[PDB]
$ cat work07.txt   # compact mmCIF, N, CA, C and O atoms
# COMPACT_ATOMS: atom_id res chain seq x y z
N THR S 17 -15.06 -2.39 -13.14
CA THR S 17 -14.80 -1.73 -11.87
C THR S 17 -13.45 -1.00 -11.92
O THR S 17 -12.48 -1.50 -12.48
N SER S 18 -13.41 0.22 -11.37
CA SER S 18 -12.18 1.01 -11.35
C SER S 18 -11.17 0.41 -10.38
O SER S 18 -11.53 -0.23 -9.35
N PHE S 19 -9.91 0.63 -10.69
CA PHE S 19 -8.86 0.32 -9.72
C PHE S 19 -9.16 0.98 -8.37
O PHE S 19 -9.05 0.38 -7.31
N UNK S 20 -9.58 2.31 -8.41
CA UNK S 20 -9.86 3.10 -7.20
C UNK S 20 -10.82 2.30 -6.33
O UNK S 20 -10.66 2.06 -5.12
N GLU S 21 -11.93 1.73 -6.98
CA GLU S 21 -12.96 1.01 -6.22
C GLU S 21 -12.44 -0.33 -5.66
O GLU S 21 -12.76 -0.68 -4.51
N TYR S 22 -11.62 -1.06 -6.43
CA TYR S 22 -11.02 -2.31 -5.93
C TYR S 22 -10.13 -2.03 -4.72
O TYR S 22 -10.14 -2.77 -3.72
N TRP S 23 -9.33 -0.97 -4.80
CA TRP S 23 -8.37 -0.70 -3.73
C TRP S 23 -9.07 -0.20 -2.47
O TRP S 23 -8.72 -0.56 -1.34
N UNK S 24 -10.27 0.60 -2.67
CA UNK S 24 -11.13 1.07 -1.55
C UNK S 24 -11.57 -0.06 -0.64
O UNK S 24 -11.71 0.07 0.58
N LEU S 25 -11.67 -1.42 -1.30
CA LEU S 25 -12.12 -2.61 -0.55
C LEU S 25 -11.03 -3.28 0.31
O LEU S 25 -11.33 -4.24 1.02
N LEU S 26 -9.79 -2.79 0.24
CA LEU S 26 -8.73 -3.22 1.18
C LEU S 26 -8.88 -2.57 2.57
O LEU S 26 -9.03 -3.28 3.57
N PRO S 27 -8.80 -1.21 2.66
CA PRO S 27 -9.09 -0.61 3.96
C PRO S 27 -10.60 -0.54 4.23
O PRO S 27 -11.05 -0.95 5.28
N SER V 17 1.74 -0.12 25.51
CA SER V 17 1.02 0.53 24.37
C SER V 17 -0.46 0.18 24.34
O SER V 17 -0.85 -0.96 24.57
N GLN V 18 -1.30 1.16 24.03
CA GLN V 18 -2.73 0.90 23.84
C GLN V 18 -2.99 0.13 22.53
O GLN V 18 -2.29 0.31 21.54
N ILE V 19 -4.00 -0.74 22.54
CA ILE V 19 -4.42 -1.47 21.34
C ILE V 19 -5.12 -0.45 20.44
O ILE V 19 -5.94 0.33 20.93
N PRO V 20 -4.80 -0.45 19.14
CA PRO V 20 -5.47 0.52 18.25
C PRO V 20 -6.96 0.25 18.19
O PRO V 20 -7.40 -0.89 18.39
N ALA V 21 -7.74 1.30 17.93
CA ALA V 21 -9.19 1.17 17.86
C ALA V 21 -9.62 0.24 16.72
O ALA V 21 -10.68 -0.36 16.79
N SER V 22 -8.82 0.15 15.65
CA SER V 22 -9.10 -0.70 14.49
C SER V 22 -7.78 -0.99 13.79
O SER V 22 -6.80 -0.31 14.08
N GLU V 23 -7.75 -2.01 12.93
CA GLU V 23 -6.56 -2.33 12.19
C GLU V 23 -6.12 -1.09 11.40
O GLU V 23 -4.92 -0.81 11.35
N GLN V 24 -7.08 -0.38 10.79
CA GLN V 24 -6.81 0.83 9.99
C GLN V 24 -6.09 1.91 10.77
O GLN V 24 -5.40 2.74 10.17
N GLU V 25 -6.27 1.95 12.09
CA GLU V 25 -5.70 3.01 12.91
C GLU V 25 -4.38 2.60 13.57
O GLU V 25 -3.82 3.36 14.36
N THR V 26 -3.89 1.40 13.27
CA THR V 26 -2.59 0.98 13.79
C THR V 26 -1.53 1.98 13.33
O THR V 26 -1.48 2.33 12.13
N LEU V 27 -0.69 2.46 14.25
CA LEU V 27 0.38 3.40 13.91
C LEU V 27 1.61 2.65 13.51
O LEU V 27 1.99 1.65 14.16
N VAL V 28 2.22 3.10 12.41
CA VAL V 28 3.33 2.38 11.82
C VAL V 28 4.41 3.33 11.31
O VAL V 28 4.12 4.49 10.97
N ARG V 29 5.64 2.82 11.26
CA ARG V 29 6.75 3.54 10.65
C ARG V 29 7.26 2.74 9.46
O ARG V 29 7.83 1.66 9.62
N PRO V 30 7.07 3.27 8.24
CA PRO V 30 7.56 2.54 7.07
C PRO V 30 9.09 2.38 7.10
O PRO V 30 9.80 3.30 7.50
N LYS V 31 9.57 1.23 6.63
CA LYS V 31 11.01 0.99 6.43
C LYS V 31 11.46 1.80 5.19
O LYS V 31 10.62 2.39 4.50
N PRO V 32 12.78 1.90 4.97
CA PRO V 32 13.26 2.90 3.99
C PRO V 32 12.68 2.84 2.59
O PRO V 32 12.35 3.91 2.05
N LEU V 33 12.57 1.65 1.99
CA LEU V 33 12.02 1.55 0.61
C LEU V 33 10.57 2.02 0.58
O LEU V 33 10.17 2.79 -0.30
N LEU V 34 9.77 1.54 1.53
CA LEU V 34 8.36 1.95 1.54
C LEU V 34 8.26 3.45 1.84
O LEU V 34 7.40 4.13 1.26
N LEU V 35 9.12 3.99 2.72
CA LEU V 35 9.07 5.42 3.02
C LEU V 35 9.40 6.21 1.76
O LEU V 35 8.75 7.20 1.49
N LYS V 36 10.36 5.73 0.98
CA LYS V 36 10.73 6.40 -0.28
C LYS V 36 9.54 6.44 -1.23
O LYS V 36 9.27 7.47 -1.86
N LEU V 37 8.81 5.33 -1.30
CA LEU V 37 7.61 5.28 -2.16
C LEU V 37 6.57 6.32 -1.69
O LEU V 37 6.03 7.09 -2.49
N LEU V 38 6.30 6.34 -0.39
CA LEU V 38 5.34 7.30 0.17
C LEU V 38 5.77 8.74 -0.09
O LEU V 38 4.95 9.59 -0.48
N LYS V 39 7.04 9.04 0.14
CA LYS V 39 7.51 10.42 -0.07
C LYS V 39 7.42 10.84 -1.55
O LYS V 39 7.20 12.03 -1.85
N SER V 40 7.52 9.86 -2.45
CA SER V 40 7.43 10.15 -3.88
C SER V 40 6.05 10.67 -4.28
O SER V 40 5.93 11.32 -5.33
N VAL V 41 5.04 10.37 -3.47
CA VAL V 41 3.67 10.84 -3.72
C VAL V 41 3.25 11.89 -2.71
O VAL V 41 2.07 12.19 -2.58
N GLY V 42 4.22 12.47 -2.02
CA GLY V 42 3.93 13.66 -1.25
C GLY V 42 3.90 13.48 0.25
O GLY V 42 3.71 14.46 0.96
N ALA V 43 4.09 12.26 0.74
CA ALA V 43 4.12 12.06 2.18
C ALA V 43 5.28 12.84 2.80
O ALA V 43 6.35 12.93 2.21
N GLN V 44 5.05 13.41 3.97
CA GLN V 44 5.95 14.39 4.59
C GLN V 44 6.51 13.88 5.93
O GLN V 44 7.54 14.38 6.41
N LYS V 45 5.83 12.88 6.52
CA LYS V 45 6.10 12.39 7.88
C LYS V 45 6.79 11.03 7.88
O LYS V 45 6.91 10.37 6.83
N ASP V 46 7.20 10.58 9.06
CA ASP V 46 7.82 9.27 9.24
C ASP V 46 6.86 8.24 9.82
O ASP V 46 7.09 7.04 9.67
N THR V 47 5.79 8.71 10.48
CA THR V 47 4.80 7.85 11.13
C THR V 47 3.39 8.06 10.57
O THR V 47 2.97 9.19 10.35
N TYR V 48 2.66 6.95 10.37
CA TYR V 48 1.39 6.93 9.63
C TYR V 48 0.45 5.94 10.25
O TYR V 48 0.88 5.02 10.92
N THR V 49 -0.84 6.10 10.03
CA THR V 49 -1.75 5.00 10.25
C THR V 49 -1.69 4.04 9.07
O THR V 49 -1.33 4.42 7.93
N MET V 50 -2.07 2.79 9.31
CA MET V 50 -2.19 1.84 8.21
C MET V 50 -3.10 2.38 7.07
O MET V 50 -2.80 2.20 5.88
N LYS V 51 -4.23 2.99 7.43
CA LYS V 51 -5.13 3.56 6.42
C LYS V 51 -4.38 4.57 5.54
O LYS V 51 -4.54 4.56 4.31
N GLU V 52 -3.59 5.46 6.16
CA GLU V 52 -2.79 6.44 5.39
C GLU V 52 -1.81 5.74 4.44
O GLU V 52 -1.65 6.18 3.30
N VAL V 53 -1.15 4.67 4.90
CA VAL V 53 -0.22 3.94 4.03
C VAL V 53 -0.99 3.40 2.81
O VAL V 53 -0.52 3.54 1.68
N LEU V 54 -2.15 2.78 3.04
CA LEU V 54 -2.96 2.25 1.94
C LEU V 54 -3.42 3.34 0.96
O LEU V 54 -3.45 3.11 -0.24
N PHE V 55 -3.73 4.53 1.46
CA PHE V 55 -4.14 5.61 0.54
C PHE V 55 -2.95 6.06 -0.30
O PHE V 55 -3.10 6.27 -1.53
N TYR V 56 -1.78 6.23 0.31
CA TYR V 56 -0.62 6.66 -0.49
C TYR V 56 -0.21 5.58 -1.50
O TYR V 56 0.21 5.90 -2.62
N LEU V 57 -0.30 4.29 -1.12
CA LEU V 57 0.01 3.22 -2.10
C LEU V 57 -0.98 3.24 -3.26
O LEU V 57 -0.58 3.09 -4.41
N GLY V 58 -2.27 3.46 -2.98
CA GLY V 58 -3.25 3.60 -4.07
C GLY V 58 -2.90 4.77 -4.97
O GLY V 58 -2.97 4.69 -6.20
N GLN V 59 -2.51 5.89 -4.36
CA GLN V 59 -2.15 7.09 -5.14
C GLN V 59 -0.90 6.84 -5.99
O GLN V 59 -0.83 7.29 -7.15
N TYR V 60 0.08 6.11 -5.46
CA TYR V 60 1.25 5.74 -6.25
C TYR V 60 0.84 4.92 -7.50
O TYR V 60 1.27 5.21 -8.63
N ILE V 61 0.01 3.89 -7.28
CA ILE V 61 -0.45 3.05 -8.38
C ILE V 61 -1.20 3.88 -9.45
O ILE V 61 -1.00 3.68 -10.65
N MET V 62 -2.07 4.79 -9.03
CA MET V 62 -2.86 5.53 -10.00
C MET V 62 -2.01 6.57 -10.73
O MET V 62 -2.11 6.71 -11.95
N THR V 63 -1.17 7.30 -10.00
CA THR V 63 -0.40 8.36 -10.66
C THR V 63 0.63 7.78 -11.62
O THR V 63 0.93 8.40 -12.63
N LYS V 64 1.17 6.60 -11.31
CA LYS V 64 2.11 5.93 -12.21
C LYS V 64 1.41 5.01 -13.23
O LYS V 64 2.09 4.40 -14.06
N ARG V 65 0.08 4.92 -13.18
CA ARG V 65 -0.73 4.17 -14.15
C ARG V 65 -0.32 2.72 -14.21
O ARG V 65 -0.15 2.15 -15.30
N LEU V 66 -0.19 2.10 -13.03
CA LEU V 66 0.28 0.73 -13.00
C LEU V 66 -0.83 -0.32 -13.17
O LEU V 66 -0.54 -1.49 -13.41
N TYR V 67 -2.09 0.05 -13.00
CA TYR V 67 -3.17 -0.90 -13.11
C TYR V 67 -3.42 -1.19 -14.60
O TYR V 67 -3.24 -0.31 -15.48
N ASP V 68 -3.81 -2.42 -14.89
CA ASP V 68 -4.21 -2.79 -16.24
C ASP V 68 -5.46 -1.95 -16.61
O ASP V 68 -6.46 -1.94 -15.86
N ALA V 69 -5.43 -1.27 -17.77
CA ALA V 69 -6.52 -0.35 -18.11
C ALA V 69 -7.87 -1.04 -18.29
O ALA V 69 -8.92 -0.45 -18.04
N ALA V 70 -7.85 -2.29 -18.76
CA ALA V 70 -9.08 -3.03 -19.03
C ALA V 70 -9.53 -3.90 -17.86
O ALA V 70 -10.73 -4.10 -17.67
N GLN V 71 -8.57 -4.46 -17.12
CA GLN V 71 -8.85 -5.34 -15.95
C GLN V 71 -8.18 -4.70 -14.73
O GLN V 71 -7.06 -5.05 -14.35
N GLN V 72 -8.89 -3.74 -14.12
CA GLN V 72 -8.22 -2.78 -13.23
C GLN V 72 -7.92 -3.33 -11.84
O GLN V 72 -7.33 -2.64 -11.03
N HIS V 73 -8.25 -4.59 -11.60
CA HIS V 73 -7.75 -5.25 -10.38
C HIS V 73 -6.32 -5.79 -10.50
O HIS V 73 -5.76 -6.26 -9.51
N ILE V 74 -5.76 -5.78 -11.71
CA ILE V 74 -4.40 -6.24 -11.89
C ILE V 74 -3.46 -5.04 -11.86
O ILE V 74 -3.72 -4.02 -12.54
N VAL V 75 -2.40 -5.17 -11.08
CA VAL V 75 -1.35 -4.14 -10.97
C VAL V 75 -0.05 -4.70 -11.52
O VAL V 75 0.37 -5.80 -11.12
N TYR V 76 0.60 -3.93 -12.40
CA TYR V 76 1.92 -4.31 -12.96
C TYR V 76 2.97 -3.45 -12.33
O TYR V 76 2.89 -2.22 -12.42
N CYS V 77 3.99 -4.07 -11.74
CA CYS V 77 4.96 -3.32 -10.99
C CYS V 77 6.39 -3.81 -11.15
O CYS V 77 7.23 -3.47 -10.35
N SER V 78 6.67 -4.60 -12.20
CA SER V 78 8.02 -5.15 -12.35
C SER V 78 9.15 -4.10 -12.20
O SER V 78 9.22 -3.13 -12.96
N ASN V 79 10.02 -4.34 -11.21
CA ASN V 79 11.20 -3.53 -10.96
C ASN V 79 10.97 -2.09 -10.54
O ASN V 79 11.94 -1.38 -10.37
N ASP V 80 9.72 -1.64 -10.38
CA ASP V 80 9.56 -0.31 -9.76
C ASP V 80 9.66 -0.43 -8.27
O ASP V 80 9.83 -1.56 -7.77
N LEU V 81 9.64 0.71 -7.54
CA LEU V 81 9.75 0.67 -6.04
C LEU V 81 8.74 -0.32 -5.49
O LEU V 81 9.02 -1.10 -4.53
N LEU V 82 7.54 -0.30 -6.06
CA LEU V 82 6.49 -1.17 -5.57
C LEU V 82 6.81 -2.66 -5.82
O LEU V 82 6.66 -3.48 -4.95
N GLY V 83 7.24 -3.00 -7.03
CA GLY V 83 7.58 -4.40 -7.33
C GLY V 83 8.74 -4.87 -6.47
O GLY V 83 8.80 -6.02 -6.05
N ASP V 84 9.67 -3.96 -6.18
CA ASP V 84 10.80 -4.31 -5.34
C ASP V 84 10.37 -4.57 -3.89
O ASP V 84 10.88 -5.51 -3.26
N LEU V 85 9.45 -3.76 -3.37
CA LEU V 85 8.83 -3.98 -2.06
C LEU V 85 8.11 -5.31 -1.98
O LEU V 85 8.33 -6.11 -1.05
N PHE V 86 7.22 -5.54 -2.93
CA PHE V 86 6.35 -6.70 -2.91
C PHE V 86 7.05 -7.96 -3.42
O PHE V 86 6.63 -9.08 -3.10
N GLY V 87 8.11 -7.78 -4.21
CA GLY V 87 8.90 -8.89 -4.77
C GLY V 87 8.25 -9.67 -5.90
O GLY V 87 8.53 -10.86 -6.08
N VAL V 88 7.36 -9.02 -6.65
CA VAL V 88 6.60 -9.64 -7.72
C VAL V 88 6.54 -8.67 -8.92
O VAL V 88 6.72 -7.45 -8.73
N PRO V 89 6.32 -9.20 -10.14
CA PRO V 89 6.11 -8.31 -11.29
C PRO V 89 4.69 -7.82 -11.42
O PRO V 89 4.47 -6.85 -12.12
N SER V 90 3.72 -8.54 -10.85
CA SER V 90 2.30 -8.16 -10.91
C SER V 90 1.55 -8.84 -9.76
O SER V 90 1.98 -9.86 -9.22
N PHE V 91 0.41 -8.26 -9.39
CA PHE V 91 -0.46 -8.84 -8.38
C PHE V 91 -1.88 -8.43 -8.64
O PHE V 91 -2.14 -7.46 -9.36
N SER V 92 -2.80 -9.17 -8.05
CA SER V 92 -4.23 -8.85 -8.07
C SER V 92 -4.65 -8.16 -6.77
O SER V 92 -4.33 -8.62 -5.67
N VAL V 93 -5.40 -7.07 -6.91
CA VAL V 93 -5.92 -6.32 -5.77
C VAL V 93 -6.84 -7.20 -4.95
O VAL V 93 -7.03 -6.94 -3.77
N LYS V 94 -7.40 -8.23 -5.58
CA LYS V 94 -8.32 -9.12 -4.87
C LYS V 94 -7.64 -10.00 -3.83
O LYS V 94 -8.33 -10.60 -2.98
N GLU V 95 -6.31 -10.12 -3.91
CA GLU V 95 -5.55 -10.95 -2.97
C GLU V 95 -5.24 -10.14 -1.71
O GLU V 95 -4.08 -9.83 -1.43
N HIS V 96 -6.29 -9.82 -0.94
CA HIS V 96 -6.15 -8.91 0.19
C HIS V 96 -5.12 -9.35 1.20
O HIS V 96 -4.28 -8.56 1.61
N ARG V 97 -5.17 -10.62 1.60
CA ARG V 97 -4.26 -11.06 2.68
C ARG V 97 -2.80 -11.08 2.22
O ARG V 97 -1.88 -10.73 2.98
N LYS V 98 -2.59 -11.47 0.95
CA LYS V 98 -1.25 -11.41 0.35
C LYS V 98 -0.68 -9.97 0.33
O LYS V 98 0.49 -9.76 0.67
N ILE V 99 -1.51 -9.00 -0.05
CA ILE V 99 -1.07 -7.59 -0.06
C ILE V 99 -0.74 -7.10 1.35
O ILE V 99 0.32 -6.51 1.57
N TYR V 100 -1.62 -7.41 2.32
CA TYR V 100 -1.28 -7.03 3.70
C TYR V 100 0.02 -7.64 4.20
O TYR V 100 0.81 -6.94 4.82
N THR V 101 0.25 -8.91 3.90
CA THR V 101 1.50 -9.60 4.29
C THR V 101 2.72 -8.83 3.74
O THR V 101 3.69 -8.59 4.46
N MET V 102 2.63 -8.43 2.47
CA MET V 102 3.73 -7.74 1.78
C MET V 102 3.94 -6.35 2.37
O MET V 102 5.07 -5.91 2.58
N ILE V 103 2.85 -5.65 2.68
CA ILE V 103 2.96 -4.34 3.31
C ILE V 103 3.57 -4.42 4.72
O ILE V 103 4.47 -3.64 5.05
N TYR V 104 3.09 -5.38 5.52
CA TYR V 104 3.52 -5.51 6.92
C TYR V 104 5.04 -5.74 7.03
O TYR V 104 5.69 -5.22 7.95
N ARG V 105 5.60 -6.50 6.10
CA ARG V 105 7.05 -6.76 6.04
C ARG V 105 7.87 -5.47 5.89
O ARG V 105 9.07 -5.43 6.20
N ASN V 106 7.20 -4.44 5.39
CA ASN V 106 7.85 -3.16 5.11
C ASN V 106 7.53 -2.05 6.10
O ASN V 106 7.77 -0.86 5.81
N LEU V 107 6.96 -2.44 7.25
CA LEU V 107 6.54 -1.54 8.34
C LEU V 107 7.14 -1.99 9.69
O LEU V 107 7.57 -3.14 9.82
N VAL V 108 7.20 -1.06 10.65
CA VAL V 108 7.40 -1.36 12.06
C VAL V 108 6.22 -0.77 12.81
O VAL V 108 5.84 0.38 12.57
N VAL V 109 5.60 -1.56 13.68
CA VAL V 109 4.50 -1.04 14.49
C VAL V 109 5.03 -0.13 15.60
O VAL V 109 6.03 -0.45 16.25
N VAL V 110 4.36 0.99 15.85
CA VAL V 110 4.80 1.91 16.90
C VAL V 110 3.71 2.15 17.91
O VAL V 110 2.56 1.79 17.67
N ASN V 111 4.09 2.73 19.04
CA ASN V 111 3.16 3.04 20.14
C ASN V 111 2.00 3.93 19.77
O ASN V 111 2.18 4.92 19.03
N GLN V 112 0.84 3.56 20.31
CA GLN V 112 -0.38 4.39 20.53
C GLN V 112 -1.55 3.99 19.66
O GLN V 112 -2.01 2.85 19.74

$ encode --input "work07.txt" --output "structure tokens"
Amino acid sequence: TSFXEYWXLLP
Amino acid sequence: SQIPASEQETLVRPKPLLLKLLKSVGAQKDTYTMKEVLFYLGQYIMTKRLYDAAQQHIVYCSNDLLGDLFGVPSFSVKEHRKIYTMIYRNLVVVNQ
């Protein structure tokens, strides 16, 4: 999983 | 003050270190929604290549603006409540 996708799950 | 429509829409003013981080990635204003703060923090991490290339939920930030804000050398993106706690310490909530 990309960092972009992990961080998308915060907001 | 009105209650924000969602946590993401809470209006906030970053404190100086966090504002410096935001401005480093192009932020122009003093007041933001929480969602905007999270997008600029993601952009800081990606442009500075701080995520582990193989295990991309791990962020390495020792002694950069981000590590100084959060007070850690590394963190996991999966620790949502811990990240929010660290961000909130670096914000002031404002009207509307």

$ interface_residues --input "work07.txt" --of "chain S" --to "chain V" --cutoff "5 Å" --atoms "only N, CA, C and O atoms" --output "short mmCIF file (atom, residue, chain, number, x, y, z; two decimals) with N, CA, C and O atoms, in the coordinates of the input"
data_model
loop_
_atom_site.label_atom_id
_atom_site.label_comp_id
_atom_site.auth_asym_id
_atom_site.auth_seq_id
_atom_site.Cartn_x
_atom_site.Cartn_y
_atom_site.Cartn_z
N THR S 17 -15.06 -2.39 -13.14
CA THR S 17 -14.80 -1.73 -11.87
C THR S 17 -13.45 -1.00 -11.92
O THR S 17 -12.48 -1.50 -12.48
N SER S 18 -13.41 0.22 -11.37
CA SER S 18 -12.18 1.01 -11.35
C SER S 18 -11.17 0.41 -10.38
O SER S 18 -11.53 -0.23 -9.35
N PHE S 19 -9.91 0.63 -10.69
CA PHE S 19 -8.86 0.32 -9.72
C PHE S 19 -9.16 0.98 -8.37
O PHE S 19 -9.05 0.38 -7.31
#

$ residues_around --input "work07.txt" --residues "segment 31-37 of chain V" --least-positions-apart "3" --cutoff "8 Å" --atoms "only C-alpha atoms" --output "ChimeraX atom specification"
/V:40-41,46,57,60,81-82,85,106-108

$ write_last_selection --input "work07.txt" --atoms "N, CA, C and O atoms" --output "PDB file, keeping the file's coordinate frame"
ATOM      1  N   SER V  40       7.520   9.860  -2.450  1.00  0.00           N
ATOM      2  CA  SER V  40       7.430  10.150  -3.880  1.00  0.00           C
ATOM      3  C   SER V  40       6.050  10.670  -4.280  1.00  0.00           C
ATOM      4  O   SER V  40       5.930  11.320  -5.330  1.00  0.00           O
ATOM      5  N   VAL V  41       5.040  10.370  -3.470  1.00  0.00           N
ATOM      6  CA  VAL V  41       3.670  10.840  -3.720  1.00  0.00           C
ATOM      7  C   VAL V  41       3.250  11.890  -2.710  1.00  0.00           C
ATOM      8  O   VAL V  41       2.070  12.190  -2.580  1.00  0.00           O
ATOM      9  N   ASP V  46       7.200  10.580   9.060  1.00  0.00           N
ATOM     10  CA  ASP V  46       7.820   9.270   9.240  1.00  0.00           C
ATOM     11  C   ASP V  46       6.860   8.240   9.820  1.00  0.00           C
ATOM     12  O   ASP V  46       7.090   7.040   9.670  1.00  0.00           O
ATOM     13  N   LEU V  57      -0.300   4.290  -1.120  1.00  0.00           N
ATOM     14  CA  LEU V  57       0.010   3.220  -2.100  1.00  0.00           C
ATOM     15  C   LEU V  57      -0.980   3.240  -3.260  1.00  0.00           C
ATOM     16  O   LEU V  57      -0.580   3.090  -4.410  1.00  0.00           O
ATOM     17  N   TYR V  60       0.080   6.110  -5.460  1.00  0.00           N
ATOM     18  CA  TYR V  60       1.250   5.740  -6.250  1.00  0.00           C
ATOM     19  C   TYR V  60       0.840   4.920  -7.500  1.00  0.00           C
ATOM     20  O   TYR V  60       1.270   5.210  -8.630  1.00  0.00           O
ATOM     21  N   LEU V  81       9.640   0.710  -7.540  1.00  0.00           N
ATOM     22  CA  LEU V  81       9.750   0.670  -6.040  1.00  0.00           C
ATOM     23  C   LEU V  81       8.740  -0.320  -5.490  1.00  0.00           C
ATOM     24  O   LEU V  81       9.020  -1.100  -4.530  1.00  0.00           O
ATOM     25  N   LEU V  82       7.540  -0.300  -6.060  1.00  0.00           N
ATOM     26  CA  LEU V  82       6.490  -1.170  -5.570  1.00  0.00           C
ATOM     27  C   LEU V  82       6.810  -2.660  -5.820  1.00  0.00           C
ATOM     28  O   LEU V  82       6.660  -3.480  -4.950  1.00  0.00           O
ATOM     29  N   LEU V  85       9.450  -3.760  -3.370  1.00  0.00           N
ATOM     30  CA  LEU V  85       8.830  -3.980  -2.060  1.00  0.00           C
ATOM     31  C   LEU V  85       8.110  -5.310  -1.980  1.00  0.00           C
ATOM     32  O   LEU V  85       8.330  -6.110  -1.050  1.00  0.00           O
ATOM     33  N   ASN V 106       7.200  -4.440   5.390  1.00  0.00           N
ATOM     34  CA  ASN V 106       7.850  -3.160   5.110  1.00  0.00           C
ATOM     35  C   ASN V 106       7.530  -2.050   6.100  1.00  0.00           C
ATOM     36  O   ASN V 106       7.770  -0.860   5.810  1.00  0.00           O
ATOM     37  N   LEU V 107       6.960  -2.440   7.250  1.00  0.00           N
ATOM     38  CA  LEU V 107       6.540  -1.540   8.340  1.00  0.00           C
ATOM     39  C   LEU V 107       7.140  -1.990   9.690  1.00  0.00           C
ATOM     40  O   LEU V 107       7.570  -3.140   9.820  1.00  0.00           O
ATOM     41  N   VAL V 108       7.200  -1.060  10.650  1.00  0.00           N
ATOM     42  CA  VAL V 108       7.400  -1.360  12.060  1.00  0.00           C
ATOM     43  C   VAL V 108       6.220  -0.770  12.810  1.00  0.00           C
ATOM     44  O   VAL V 108       5.840   0.380  12.570  1.00  0.00           O
TER      45      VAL V 108
END

$ select_by_dssp --input "work07.txt" --residues "chain V" --states "strand (DSSP E)" --output "PyMOL selection string"
chain V and resi 27-30+48-49+74-76+90-92+107-109

$ atom_distance --input "work07.txt" --atom1 "atom CA of residue 43 of chain V" --atom2 "atom CA of residue 56 of chain V"
7.7 Å

$ atom_distance --input "work07.txt" --atom1 "atom CA of residue 22 of chain S" --atom2 "atom C of residue 104 of chain V"
20.9 Å
